[PDB]
Amino acid sequence: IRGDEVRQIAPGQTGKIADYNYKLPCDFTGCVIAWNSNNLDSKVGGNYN
Amino acid sequence: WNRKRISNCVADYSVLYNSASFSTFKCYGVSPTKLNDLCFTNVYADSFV
């Protein structure tokens, strides 16, 4: 996903990602590894994938 | 900081994810998910940079 929306990946969150794309439960046991990949997942002209 | 009174509104959906991508959206006393379901008494918008 983009930058500022990484906060949305957690229980009780809401927004674009946590409402239309990918929702988590409260009774969730597990965890969330998030790390920047601009050097790979971004190219000049912007990735339209 | 500028305080704006808000009244006589159909206050629209939770994050206001129209064009502006909001970095931090952390809510005290109200869960963000329920933010649509309620009717607020005395809303005040405190804006600054």
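Residues numbered from 1 in each chain as written, not as in the entry; some residues may be left out. Chains lettered and ligands numbered in written order. Part of a larger assembly, values for the part shown. Heavy atoms only, no water.

Its PDB record attributes the structure to cryo-EM, giving the resolution as 2.9 Å.

**What about the overall build of chain A?**
Put simply, the rule is: Numbering goes from the N terminus for both helices and strands, where a helix is a DSSP run of H or I of at least four residues and a strand is a run of E of at least two. By the counting rule applied here, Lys and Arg register as positive and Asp and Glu as negative, while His and the ends of each chain are not counted. Where a charge lies is defined by one atom per residue type, namely NZ (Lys), CZ (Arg), CG (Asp) and CD (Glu).
Helix and strand content of chain A: two helices and zero strands. Counting only C-alpha atoms and orienting by the principal axes, one finds that chain A spans roughly 40 × 20 × 15 Å. Charge centroids of chain A, computed over 5 positive and 5 negative side chains, lie 6 Å from each other.

**Some details on the interface of chain B and chain A**
Accessible area lost on assembly of the parts is the figure often given for the size of an interface. For clarity, the cut-off: Throughout, a residue-residue contact means that at least one pair of heavy atoms, one from each residue, lies within 4.5 Å. As a working definition, buried area equals the accessible area (1.4 Å probe) given up by two parts on being put together, with both sides summed. Salt bridge, as used here, is a side-chain nitrogen of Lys or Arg placed within 4 Å of a carboxyl oxygen of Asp or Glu. Throughout, the ten residues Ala, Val, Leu, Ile, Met, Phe, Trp, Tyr, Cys and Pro are labelled nonpolar, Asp, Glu, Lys and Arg are labelled charged, and all others, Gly among them, are labelled polar.
Between chain B and chain A, the residue contacts involve nine residues of the former and nine residues of the latter. Where chain B abuts chain A, roughly 810 Å² becomes buried across the two surfaces, and 53% of that area is made up of carbon and sulfur atoms. Considering only the surface of chain B that becomes buried against chain A, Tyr17(B), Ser21(B) and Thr33(B) emerge as the three largest contributors, covering 54% of it. Linking chain B with chain A are zero salt bridges, by the criterion used here. Classifying every residue of the side of chain B that touches chain A by side-chain character gives five nonpolar, four polar and no charged.

**Let's talk about the side chain of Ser14(B)**
As a reminder of what qualifies: Between N or O atoms, a polar contact is any pair within 3.5 Å; within protein, one atom must be a potential hydrogen donor and the other a potential acceptor, and residues adjacent in sequence are included only when both atoms are from side chains.
Mapped onto the elements of the fold, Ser14(B) is located in the loop between β1 (2-5) and β2 (44-47). In this structure the side chain of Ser14(B) is engaged in a polar contact, spanning 3.2 Å, whose partner is the backbone oxygen of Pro32(B). Apart from residues lying up to four places away in sequence, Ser14(B) is in contact with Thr14(A), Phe25(B), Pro32(B), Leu35(B) and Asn36(B).

**Comments concerning the packing of aromatic side chains**
This is how it is decided: Aromatic contacts are taken between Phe, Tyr and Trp rings whose centres are within 6.5 Å, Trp giving its six-membered ring; a plane angle under 30 degrees counts as stacked, one over 60 as edge-to-face, and the others as tilted. Any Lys NZ or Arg CZ found within 6 Å of a ring centre and within 35 degrees of that ring's normal is scored as a charge over the ring.
Overall, the coordinates contain two aromatic pairs over all chains when judged by the stated rule. Plain terms: the ring middles of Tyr13(B) and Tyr17(B) are 4.5 Å apart, the flat faces sit at 50° to each other, and that makes the pair tilted. One aromatic cluster is present, built from ring pairs that chain together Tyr20(A), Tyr13(B) and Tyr17(B). One residue, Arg3(B), lies across the ring of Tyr44(B), its end atom 4.7 Å from the ring centre.

**Some words on the side chain of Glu5(A)**
To be explicit about the condition: For each residue, the accessible area found with a 1.4 Å probe, counting protein chains only, is set against the maximum for its type, and the residue is called buried under 20%, exposed over 50%, and partly exposed in between.
Examined against the element boundaries, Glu5(A) turns out to sit in the segment before α1 (16-21). By relative accessible area, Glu5(A) is classed as buried at 12%.

**Points about the layout of surface pockets**
Regions of empty space are outlined by a rolling probe, equal in size to a water molecule, passed over the atoms. Applicable threshold: Computed over the protein atoms alone on a 1 Å grid, cavities are sets of points where a 1.4 Å probe fits but cannot get out and pockets are open sets with protein on both sides within 12 Å along at least five of seven lines; a residue lines them when it has an atom within 4 Å of a point. Grid points are joined across faces, edges and corners, and a volume is the space filled by probe spheres set on the points.
What the largest pocket holds in volume is close to 820 Å³. Around the largest pocket sit 26 residues that line it, and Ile6(B), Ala11(B), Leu35(B), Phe40(B) and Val43(B) are the ones nearest its centre. Residue classes in the lining of the largest pocket are distributed as 17 nonpolar, seven polar and two charged. The space that makes up the second largest pocket amounts to roughly 380 Å³. Lining the second largest pocket, in full, are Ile1(A), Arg2(A), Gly3(A), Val6(A), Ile9(A), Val32(A), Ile33(A), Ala34(A), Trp35(A), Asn36(A), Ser37(A) and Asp41(A). Tallied by class, residues from the lining of the second largest pocket come to seven nonpolar, three polar and two charged.

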